[PDB]
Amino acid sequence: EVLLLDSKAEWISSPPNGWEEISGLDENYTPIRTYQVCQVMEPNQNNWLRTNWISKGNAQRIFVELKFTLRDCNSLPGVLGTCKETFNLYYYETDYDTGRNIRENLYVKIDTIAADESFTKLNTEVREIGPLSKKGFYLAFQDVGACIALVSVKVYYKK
């Protein structure tokens, strides 16, 4: 109802070689900005992606909507080992935009994010956070060895 962030209306990667921005166009020529990572054959993945600072405005409870694809580890060509089928959603509250650094220890886990069941394509997961005590916040996404395309992020509140 009131949008705080709409990724369809560049974010920080740590390391920069992990989550990577990959762009395209809609059928009606709207930019598509995705962030993708698929380091499924390398051990000990800790790939962080952080949004811009988000002002909470007059929000109390806040909703975060993620749209993403996520490959079944069974479909990836003989990868084995430490392949994952989830990623982690994090946030950190600040009163002001503090700059481009991701100090990972400051981030608080919201939830593990999983794809829809496939053993029976584009997944949509919503989490509700807040009320927040600070004026704003960053969202972050931690990949630990999955094959993910993060297609859109929307942050909004109601009434």
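Numbers follow the displayed sequence, beginning with 1.
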### Message
Counting only residues that lack coordinates, how big is the gap in the deposited sequence between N28 and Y29? Pick none, 1 to 3, 4 to 9 or 10 or more.
### Response
none
### Task
Decide which of the stretches 10-18 and 134-142 has the higher mean C-alpha B-factor, going by the entry.
10-18
### Query
Can you tell me which stretch has the higher mean Cα B-factor, 39-47 or 59-67?
39-47
#### Entry: CA B-factor ranking of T112, expressed as a third of its chain
lowest
### Where the record places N123 (Cα B-factor, split into thirds across the chain)
lowest
